[PDB]
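Overview (structure and organization)
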Amino acid sequence: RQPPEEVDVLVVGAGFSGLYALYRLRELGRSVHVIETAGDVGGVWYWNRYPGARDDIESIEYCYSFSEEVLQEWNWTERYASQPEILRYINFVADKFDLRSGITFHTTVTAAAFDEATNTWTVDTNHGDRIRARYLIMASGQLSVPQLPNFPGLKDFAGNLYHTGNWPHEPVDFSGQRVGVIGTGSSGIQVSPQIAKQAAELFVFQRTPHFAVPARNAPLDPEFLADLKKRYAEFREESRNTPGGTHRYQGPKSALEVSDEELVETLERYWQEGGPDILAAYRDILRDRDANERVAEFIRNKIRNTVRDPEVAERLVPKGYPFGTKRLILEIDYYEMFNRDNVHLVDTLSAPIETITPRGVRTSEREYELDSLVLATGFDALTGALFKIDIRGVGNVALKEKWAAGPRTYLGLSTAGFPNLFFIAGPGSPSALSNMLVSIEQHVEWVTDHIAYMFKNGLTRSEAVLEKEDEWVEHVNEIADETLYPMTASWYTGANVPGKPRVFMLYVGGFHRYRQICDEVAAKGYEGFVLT
Ligand SMILES: Cc1cc2nc3c(=O)[nH]c(=O)nc-3n(C[C@H](O)[C@H](O)[C@H](O)COP(=O)(O)OP(=O)(O)OC[C@H]3O[C@@H](n4cnc5c(N)ncnc54)[C@H](O)[C@@H]3O)c2cc1C
Ligand SMILES: NC(=O)c1ccc[n+]([C@@H]2O[C@H](COP(=O)([O-])OP(=O)(O)OC[C@H]3O[C@@H](n4cnc5c(N)ncnc54)[C@H](OP(=O)(O)O)[C@@H]3O)[C@@H](O)[C@H]2O)c1
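Residues numbered from 1 in each chain as written, not as in the entry; some residues may be left out. Chains lettered and ligands numbered in written order. Heavy atoms only, no water. Residues with missing side-chain atoms left out of burial classes, pairs and counts.

Listed as the method for this PDB entry is X-ray crystallography; the listed resolution is 1.81 Å.

See the structure below:
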């Protein structure tokens, strides 16, 4: 399916972001087209097909709200939707609004350069397509370029090698195998108990332990769903008016004001309920080290109590960093897993990995022989997908160079020197710090509204004002630095790609507050942009 030679707006990516941009620009009466590397729609939910892949936000929150018909018709089945169900949802949306007619699959954007003479992007692909677009929307994701761990010998490994972010499209059979998983973030935590059910022996190679709390998944009562439907739009505006984009209770107390007994009774209640709302149990968990630590110890002790062998249990306890500052994980039978005969925790802080071998993995203490190795080693987050494209602005400035010390943006939406270019739910904005469907919807609507505004007013050039970008970047940093988030090496800071600048990339002030700023900006005719 050939892309058009010219279009008002070209969109890279057919995940949640790109698909809604396509939908909305069509409704705004703009020509629009999508380029996507994958063979079909879904983004993250197309690529991450590993067993156990699942929502970490409730199904009823992690969904599109732009269409009443979609909200009324779709029936979610569990508290936390599995990947295949999310993928059926996305397919349902794409079918309903005939989206694929606007998408070129199997195609990768390789370069894009702005032409000051015409105020347009020329965009090239790996199939040799050249498309000329007035506006360019990068809906290319946050967690979309898989990162391999940095160990030698990977290509010498004789067995089968997988990354969770590029999982095969037909079921992988691990029956009777000695299997290793490297990585114990959300992907490792989700996949490992699934593999443990097939493998003769599973070895989990943990570096820093992450905090995880129980999901307590359950079926969704159909009468609950039917009630919610009667007030769904209302329910969703409630979620938009929050820092996190969900119904999470914002606990008004300080974790330091309470007694040890009240702290325990309160956290015990969250622990039994399950899910991520414990993050907001007390207002200062992500702001005060001593407040954080009280919560952290409570979680650490629950972890100790889950695993019988206390030497194994202790190796699972997170240390060295504040609770909640690497993204919180929901676990289903992951801690319980290590009580099984056939599951072994390899502590690689104690015994670092030296090399992959043809037979398996060598640490400083011994060699582990394996038939398959699964990398749950994450992603080159936030900037990874952009940096794979040769994006050039005014004066032939490469985006990758301009951002070599960290992403530099105004509201996260655009960067000075690169006009008519917009980034969806990326650095400098709430992004993954909120329910991403709320982050995504707000960005798509703001961008596509801004674009409609340009056409309406016969303007053809939109650019962020350098001084406002610099002030935004400093603001992002200053507000991050009032939290505990910069204290820790996470993907939010880039600290998991060797050599990437260690800088907290996201806006921490909350979705609601961010959206307010955005609306004030557009209300004043896009203050901090120069439009011509
Ligand atoms: C396994 C996993 C689970 C998650 N679970 C949740 C959750 O429960 N709750 C939540 O809020 N968020 C979660 N997310 C975060 C997630 O990033 C968002 O919720 C959302 O799916 C992102 O959508 P998007 O369309 O912005 O990007 P993506 O879904 O990443 O889609 C981007 C698309 O752009 C394509 N692309 C990139 N570069 C190019 C190029 N150069 N040429 C052509 N195509 C390109 C990619 O192939 C991809 O298909 C999870 C993420 C992962 C990785
Ligand atoms: N909704 C869900 O439940 C769900 C599921 C999967 C992913 N996600 C999303 O995607 C994000 C990424 O999750 P993820 O688990 O894929 O990635 P991750 O959070 O970045 O975790 C990567 C893991 O691989 C390990 N690792 C990386 N490099 C390594 C190396 N060189 N040697 C040894 N270990 C190495 C890290 O150890 P260190 O911690 O020691 O670096 C960590 O355990 C999540 O935070 C979340 O936003 C969500």
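1. Structural notes on the overall build of the protein chain
Along its length, the protein chain carries 16 helices and 20 strands. The principal-axis extent of the C-alpha atoms belonging to the protein chain is close to 70 × 55 × 45 Å. By sequence separation, contacts in the protein chain at least 24 residues apart represent 72% of the contacts at least 6 residues apart. (Helix = DSSP H or I, 4+ residues; strand = E, 2+ residues; numbered from the N terminus. Contact = heavy atoms within 4.5 Å.)

2. What to know about helix α15 (residues 466–481)
Its 16 residues give α15 an end-to-end C-alpha distance of 23 Å, which sits within 8% of 22 Å, the value for a rise of 1.5 Å per residue. Within α15, the full set of buried residues consists of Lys468, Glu469, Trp472, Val473, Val476, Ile479 and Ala480. Down the axis of α15, the buried side of the element spans an arc of 140 degrees, and every buried residue falls inside it. Exposed and oriented more than 90 degrees from the buried face of α15 are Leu466, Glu467 and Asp481. Lining the buried residues of α15 we find α13 (399–402) and α16 (511–523). (Expected span 1.5 Å × (residues − 1). Buried < 20%, exposed > 50% of the residue type's maximum accessible area, 1.4 Å probe, protein only. Arc of directions from axis to C-beta.)

3. Comments concerning the environment of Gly128
Looking at the secondary structure, you find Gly128 in the loop between β5 (120–125) and β6 (130–138). Given a relative accessible area of 60%, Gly128 falls into the exposed group. As a C-alpha pair, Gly128 and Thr110 span 18 residues in sequence and 9.3 Å in three-dimensional space.

4. Some remarks on the site of ligand 1
Close to ligand 1 lie 30 residues; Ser17, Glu36, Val44, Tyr62 and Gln142 are nearest. At 2.7 Å, a backbone N or O of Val44 approaches an oxygen atom of ligand 1. Note that an oxygen atom of ligand 1 is positioned 2.6 Å from one of the side-chain N or O atoms of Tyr62. In the complex, the protein chains occlude 93% of the 990 Å² of accessible area that ligand 1 would expose alone. Those elements that provide at least two residues to the shell around ligand 1 are α1 (16–27), α2 (44–47) and α14 (436–456). Of all the elements, α2 adds the most residues to the shell around ligand 1, at 3 residues. Split by residue class, the shell around ligand 1 holds 14 nonpolar, 13 polar and 3 charged. (Near = heavy atom within 4 Å. Polar contact = N/O pair within 3.5 Å; in protein donor to acceptor, adjacent residues only side chain to side chain. Areas by Shrake-Rupley, 256 points an atom, 1.4 Å probe, with all protein chains shown as cover. Nonpolar A, V, L, I, M, F, W, Y, C, P; charged D, E, K, R; others polar.)

5. Observations concerning the nonpolar core
Soluble, globular proteins show a tendency: their nonpolar side chains are buried together. Counting 76 residues, the largest nonpolar core has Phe16, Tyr64, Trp76, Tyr89, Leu411 and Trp446 as the members making the most contacts within it. Ranked by the residues each element gives to this core, the list is headed by α14, at 8 residues. Taken domain by domain, this core gets at least three of its residues from each of domain 1 (1–148 + 380–532) and domain 2 (149–379). In this structure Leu411 touches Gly428, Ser429, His443, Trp446, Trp472, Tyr514, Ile517, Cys518 and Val521, once residues within four positions along its chain are discounted. One finds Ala199, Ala215, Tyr282 and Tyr335 within the second-largest nonpolar core, a separate group that totals 55 residues. (Core = buried A, V, L, I, M, F, W, Y, C linked by side-chain atoms within 4.5 Å. Domains from an automatic or database assignment.)

6. Observations concerning the pattern of salt bridges
Applying the stated criterion to the full structure yields 32 salt bridges. A salt bridge links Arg100 to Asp40, with the shortest nitrogen-to-oxygen separation between them at 2.8 Å. Residue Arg100 is located in the loop between α4 (83–96) and β3 (103–104), and its partner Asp40 is located in the loop between β2 (32–35) and α2; the two are separated by 60 residues in the primary sequence. A relative accessible area of 28% means that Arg100 is categorised as partly exposed. What makes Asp40 partly exposed here is its relative accessible area of 26%. Between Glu78 and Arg54 there is a salt bridge, with the nearest N and O atoms lying 3.0 Å from each other. Of the two residues, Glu78 is situated in the loop between α3 (68–73) and α4 and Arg54 in the loop between α2 and α3; the sequence distance between them amounts to 24 residues. Three or more residues are tied together by salt bridges with common partners; here these are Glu293, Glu297, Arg300, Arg304, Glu314 and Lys319. (Salt bridge = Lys/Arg side-chain N within 4 Å of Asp/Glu carboxyl O.)

7. Quick word on the pairing of strand β16 (residues 372–375)
Here β16 shows no split at all, with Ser372 and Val374 on one side and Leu373 and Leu375 on the other all buried. Of the strand pairs in this sheet, strand β7 (residues 160–163) and β16 are connected by 4 bridges, and their pairing is parallel. Looking at the pairing, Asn160 lines up with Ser372 of β16. Here 4 bridges tie strand β8 (residues 178–182) to β16, and the two strands are oriented parallel to one another. Residue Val179 lies in a different strand from β16, and its bridge partner there is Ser372. (Pairing = 2+ DSSP bridges.)

8. Comments concerning α4
Taking 1.5 Å of rise per residue, the 14 residues of α4 would be expected to cover 20 Å, and the 20 Å separating its terminal C-alpha atoms lies within 8% of that figure. What α4 keeps buried is the set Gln83, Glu85, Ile86, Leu87, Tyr89, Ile90, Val93 and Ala94. Elements in contact with the buried residues of α4: α1, α2 and α3. Once α4 finishes, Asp98 follows within two positions and takes phi at roughly 45 degrees, a positive value.

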